[PDB]
């Protein structure tokens, strides 16, 4: 009968999968309402602690899934730029279930948006450093050259100007220039 406890876990898990679709809900509320469902007794072998554990894992799973689909939706919205605001973006994606079902909380959507943009920014810098390492007009002597005059940095920016990786940073001009400077230093 050892498998009976394992069977109860899977039963309780199926109950959660069926009845809890939102990551916003509390265990307190959920254990209240699920108790009204006759399927609840099928978890009798499970102590409240392990039920609550299973609930937490479930919320964790929903959270991960929703975040991934949210980010996919953002990745699919081509109007988004490094400088886009949640306020602007919300207007575009408002009807998409991946936005709607992410959470009832605007704060949590906004926060996930700002985190997405941060990651997007981080990824773009990494790619840009790759491009920089590819460019052999940029040498140990570049730093000499940069301190002597405006020219070298302009010459560099000319060579880089048409590359996909340089251009995705158009929204953060000062930042990009710093990256070039940083690479010229090291």
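Numbering follows the first chain given and starts at 1.
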Inset, instruction - Give the stretch, out of 169 to 177 and 6 to 14, with the larger mean C-alpha temperature factor in the deposited entry. - result: 169 to 177
Inset, instruction - Higher average CA B factor in the deposited record is what I'm after, so tell me if that's 142 to 150 or 49 to 57. - result: 142 to 150
Inset, instruction - Just grab whichever of 123, 135, 63, 30 has the top CA B-factor as deposited. - result: 135
Inset, instruction - Report the third (lowest, middle or highest) to which the CA temperature factor of residue 38 belongs, ranking only the modelled residues of the same chain. - result: lowest
Inset, instruction - Determine, from the deposited record, the chain-internal third of the Cα B-factor for residue 160: lowest, middle or highest. - result: highest
Inset, instruction - Using the B-factors in the PDB entry, rank residue 95's C-alpha atom against the chain and give the third, lowest, middle or highest. - result: highest
Legend entry - Third of chain Cα B-factors occupied by residue 67: lowest
